[PDB]
$ cat protein.pdb   # PDB, C-alpha atoms
ATOM      1  CA  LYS A   1     -15.495   8.821  22.078  1.00  0.00           C
ATOM      2  CA  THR A   2     -16.148   8.168  25.754  1.00  0.00           C
ATOM      3  CA  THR A   3     -19.084   9.161  27.966  1.00  0.00           C
ATOM      4  CA  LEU A   4     -18.493   9.613  31.702  1.00  0.00           C
ATOM      5  CA  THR A   5     -21.204   9.310  34.364  1.00  0.00           C
ATOM      6  CA  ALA A   6     -19.520  10.217  37.655  1.00  0.00           C
ATOM      7  CA  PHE A   7     -21.536  13.236  38.883  1.00  0.00           C
ATOM      8  CA  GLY A   8     -24.447  11.311  40.351  1.00  0.00           C
ATOM      9  CA  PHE A   9     -26.772  10.784  37.398  1.00  0.00           C
ATOM     10  CA  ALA A  10     -25.333  13.652  35.338  1.00  0.00           C
ATOM     11  CA  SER A  11     -23.479  12.469  32.236  1.00  0.00           C
ATOM     12  CA  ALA A  12     -20.753  14.246  30.286  1.00  0.00           C
ATOM     13  CA  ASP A  13     -18.696  13.167  27.284  1.00  0.00           C
ATOM     14  CA  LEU A  14     -15.164  13.171  28.680  1.00  0.00           C
ATOM     15  CA  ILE A  15     -13.656  13.467  25.187  1.00  0.00           C
ATOM     16  CA  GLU A  16     -14.589  12.858  21.559  1.00  0.00           C
ATOM     17  CA  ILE A  17     -12.507  13.092  18.382  1.00  0.00           C
ATOM     18  CA  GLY A  18     -14.625  12.705  15.251  1.00  0.00           C
ATOM     19  CA  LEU A  19     -13.017  11.625  11.986  1.00  0.00           C
ATOM     20  CA  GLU A  20     -15.070  11.988   8.806  1.00  0.00           C
ATOM     21  CA  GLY A  21     -13.856  11.302   5.295  1.00  0.00           C
ATOM     22  CA  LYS A  22     -14.720   9.757   1.961  1.00  0.00           C
ATOM     23  CA  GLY A  23     -12.939   8.569  -1.146  1.00  0.00           C
ATOM     24  CA  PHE A  24     -10.383   6.535   0.796  1.00  0.00           C
ATOM     25  CA  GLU A  25     -11.049   3.290  -1.109  1.00  0.00           C
ATOM     26  CA  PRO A  26      -9.602   4.535  -4.436  1.00  0.00           C
ATOM     27  CA  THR A  27      -6.333   5.534  -2.751  1.00  0.00           C
ATOM     28  CA  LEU A  28      -6.297   2.289  -0.758  1.00  0.00           C
ATOM     29  CA  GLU A  29      -6.490   0.334  -4.011  1.00  0.00           C
ATOM     30  CA  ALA A  30      -4.008   2.579  -5.840  1.00  0.00           C
ATOM     31  CA  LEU A  31      -1.592   1.751  -3.021  1.00  0.00           C
ATOM     32  CA  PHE A  32      -2.402  -1.955  -2.558  1.00  0.00           C
ATOM     33  CA  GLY A  33      -4.633  -2.876  -5.513  1.00  0.00           C
ATOM     34  CA  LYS A  34      -3.878  -5.070  -8.496  1.00  0.00           C
ATOM     35  CA  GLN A  35      -2.258  -2.087 -10.238  1.00  0.00           C
ATOM     36  CA  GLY A  36      -1.335  -0.498  -6.915  1.00  0.00           C
ATOM     37  CA  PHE A  37       2.030   1.103  -6.313  1.00  0.00           C
ATOM     38  CA  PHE A  38       3.192  -1.174  -3.499  1.00  0.00           C
ATOM     39  CA  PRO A  39       2.765  -4.605  -5.175  1.00  0.00           C
ATOM     40  CA  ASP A  40       4.523  -3.738  -8.438  1.00  0.00           C
ATOM     41  CA  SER A  41       7.181  -1.640  -6.700  1.00  0.00           C
ATOM     42  CA  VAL A  42       8.024  -4.418  -4.237  1.00  0.00           C
ATOM     43  CA  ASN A  43       8.023  -7.033  -7.006  1.00  0.00           C
ATOM     44  CA  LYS A  44      10.428  -5.024  -9.163  1.00  0.00           C
ATOM     45  CA  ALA A  45      12.688  -4.165  -6.221  1.00  0.00           C
ATOM     46  CA  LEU A  46      12.895  -7.803  -5.131  1.00  0.00           C
ATOM     47  CA  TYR A  47      13.632  -8.956  -8.682  1.00  0.00           C
ATOM     48  CA  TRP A  48      16.355  -6.366  -9.319  1.00  0.00           C
ATOM     49  CA  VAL A  49      17.903  -6.347  -5.812  1.00  0.00           C
ATOM     50  CA  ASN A  50      20.107  -9.252  -4.758  1.00  0.00           C
ATOM     51  CA  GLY A  51      19.198 -11.183  -1.632  1.00  0.00           C
ATOM     52  CA  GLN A  52      15.913 -12.424  -0.206  1.00  0.00           C
ATOM     53  CA  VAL A  53      14.199 -11.584   3.079  1.00  0.00           C
ATOM     54  CA  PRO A  54      13.814 -14.342   5.714  1.00  0.00           C
ATOM     55  CA  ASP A  55      11.362 -17.085   4.774  1.00  0.00           C
ATOM     56  CA  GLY A  56       8.717 -15.900   7.235  1.00  0.00           C
ATOM     57  CA  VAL A  57       8.817 -12.379   5.822  1.00  0.00           C
ATOM     58  CA  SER A  58       9.068 -13.869   2.323  1.00  0.00           C
ATOM     59  CA  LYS A  59       5.682 -15.567   2.720  1.00  0.00           C
ATOM     60  CA  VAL A  60       4.011 -12.294   3.720  1.00  0.00           C
ATOM     61  CA  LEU A  61       5.693 -10.357   0.911  1.00  0.00           C
ATOM     62  CA  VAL A  62       4.628 -12.944  -1.673  1.00  0.00           C
ATOM     63  CA  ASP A  63       1.065 -13.013  -0.336  1.00  0.00           C
ATOM     64  CA  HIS A  64       0.599  -9.239  -0.216  1.00  0.00           C
ATOM     65  CA  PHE A  65       2.745  -7.832  -3.047  1.00  0.00           C
ATOM     66  CA  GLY A  66       2.787 -10.808  -5.428  1.00  0.00           C
ATOM     67  CA  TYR A  67       6.552 -11.066  -5.830  1.00  0.00           C
ATOM     68  CA  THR A  68       7.550 -12.776  -9.084  1.00  0.00           C
ATOM     69  CA  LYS A  69      10.741 -14.825  -9.285  1.00  0.00           C
ATOM     70  CA  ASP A  70      11.483 -14.485 -13.013  1.00  0.00           C
ATOM     71  CA  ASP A  71      11.120 -11.419 -15.241  1.00  0.00           C
ATOM     72  CA  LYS A  72      12.188 -11.180 -18.884  1.00  0.00           C
ATOM     73  CA  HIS A  73      12.602  -7.378 -18.832  1.00  0.00           C
ATOM     74  CA  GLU A  74      16.139  -6.023 -19.227  1.00  0.00           C
ATOM     75  CA  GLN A  75      14.833  -2.734 -17.866  1.00  0.00           C
ATOM     76  CA  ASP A  76      16.945  -2.080 -14.725  1.00  0.00           C
ATOM     77  CA  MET A  77      16.128  -1.017 -11.161  1.00  0.00           C
ATOM     78  CA  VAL A  78      15.305   2.586 -12.062  1.00  0.00           C
ATOM     79  CA  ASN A  79      12.713   1.648 -14.683  1.00  0.00           C
ATOM     80  CA  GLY A  80      11.391  -1.133 -12.454  1.00  0.00           C
ATOM     81  CA  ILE A  81      10.537   1.315  -9.675  1.00  0.00           C
ATOM     82  CA  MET A  82       9.503   4.001 -12.130  1.00  0.00           C
ATOM     83  CA  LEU A  83       6.834   1.844 -13.779  1.00  0.00           C
ATOM     84  CA  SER A  84       5.149   1.553 -10.378  1.00  0.00           C
ATOM     85  CA  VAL A  85       5.571   5.305  -9.882  1.00  0.00           C
ATOM     86  CA  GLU A  86       4.019   5.978 -13.304  1.00  0.00           C
ATOM     87  CA  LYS A  87       0.993   3.768 -12.688  1.00  0.00           C
ATOM     88  CA  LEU A  88       0.521   5.366  -9.263  1.00  0.00           C
ATOM     89  CA  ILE A  89       0.575   8.833 -10.834  1.00  0.00           C
ATOM     90  CA  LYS A  90      -2.128   7.776 -13.285  1.00  0.00           C
ATOM     91  CA  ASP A  91      -4.017   6.255 -10.349  1.00  0.00           C
ATOM     92  CA  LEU A  92      -3.889   9.593  -8.535  1.00  0.00           C
ATOM     93  CA  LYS A  93      -5.879  11.707 -11.012  1.00  0.00           C
ATOM     94  CA  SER A  94      -7.770   8.842 -12.685  1.00  0.00           C
ATOM     95  CA  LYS A  95     -10.161   8.718  -9.712  1.00  0.00           C
ATOM     96  CA  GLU A  96     -11.311  10.578  -6.617  1.00  0.00           C
TER      97      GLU A  96
END
$ encode --input "protein.pdb" --output "structure tokens"
Amino acid sequence: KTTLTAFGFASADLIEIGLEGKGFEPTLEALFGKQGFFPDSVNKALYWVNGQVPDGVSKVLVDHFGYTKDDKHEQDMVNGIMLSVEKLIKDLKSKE
């Protein structure tokens, strides 16, 4: 929002766009929470996909998505991504 006072002492809101919403936190956590889609999905993709991102990007990825070096699951790329998808689907209707 912005209020303009350029007509002497007469004021007038030049423009205002009002955003109102609730229930964002559950989706925020289902995307980036402990069981969120992004952390597990990125971890599985990094484990099953050859090659590592530059070290600078690697630090951020480890910090945010909790990439794990070693996994004992002979489950494949498809199941690795699909576990994250499954938990996200449960996240969707398990909350607001």
$ resolve_selection --input "protein.pdb" --expression "the PyMOL selection byres ((chain A and resi 29) around 12)" --output "VMD selection string"
chain A and resid 23 to 28 30 to 39 87 to 88 91 to 92 95 to 96
$ resolve_selection --input "protein.pdb" --expression "the PyMOL selection byres ((chain A and resi 80) around 12)" --output "compact mmCIF listing (two decimals) with C-alpha atoms, in the frame of the given file"
# COMPACT_ATOMS: atom_id res chain seq x y z
CA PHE A 37 2.03 1.10 -6.31
CA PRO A 39 2.76 -4.61 -5.18
CA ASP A 40 4.52 -3.74 -8.44
CA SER A 41 7.18 -1.64 -6.70
CA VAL A 42 8.02 -4.42 -4.24
CA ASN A 43 8.02 -7.03 -7.01
CA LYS A 44 10.43 -5.02 -9.16
CA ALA A 45 12.69 -4.16 -6.22
CA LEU A 46 12.90 -7.80 -5.13
CA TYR A 47 13.63 -8.96 -8.68
CA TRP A 48 16.36 -6.37 -9.32
CA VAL A 49 17.90 -6.35 -5.81
CA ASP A 71 11.12 -11.42 -15.24
CA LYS A 72 12.19 -11.18 -18.88
CA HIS A 73 12.60 -7.38 -18.83
CA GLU A 74 16.14 -6.02 -19.23
CA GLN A 75 14.83 -2.73 -17.87
CA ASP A 76 16.94 -2.08 -14.72
CA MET A 77 16.13 -1.02 -11.16
CA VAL A 78 15.30 2.59 -12.06
CA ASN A 79 12.71 1.65 -14.68
CA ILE A 81 10.54 1.32 -9.68
CA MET A 82 9.50 4.00 -12.13
CA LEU A 83 6.83 1.84 -13.78
CA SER A 84 5.15 1.55 -10.38
CA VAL A 85 5.57 5.30 -9.88
CA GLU A 86 4.02 5.98 -13.30
CA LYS A 87 0.99 3.77 -12.69
$ atom_distance --input "protein.pdb" --atom1 "atom CA of residue 17 of chain A" --atom2 "atom CA of residue 4 of chain A"
15.0 Å
$ axis_aligned_box --input "protein.pdb" --around "segment 71-88 of chain A" --padding-each-side "4 Å" --output "AutoDock Vina command-line options"
--center_x 8.7 --center_y -2.7 --center_z -14.2 --size_x 24.4 --size_y 25.4 --size_z 18.0
$ residues_around --input "protein.pdb" --residues "residue 13 of chain A" --least-positions-apart "2" --cutoff "8 Å" --atoms "only C-alpha atoms" --output "PyMOL selection string"
chain A and resi 1-4+11+15-16
$ atom_distance --input "protein.pdb" --atom1 "atom CA of residue 18 of chain A" --atom2 "atom CA of residue 94 of chain A"
29.0 Å
$ atom_distance --input "protein.pdb" --atom1 "atom CA of residue 58 of chain A" --atom2 "atom CA of residue 90 of chain A"
28.9 Å
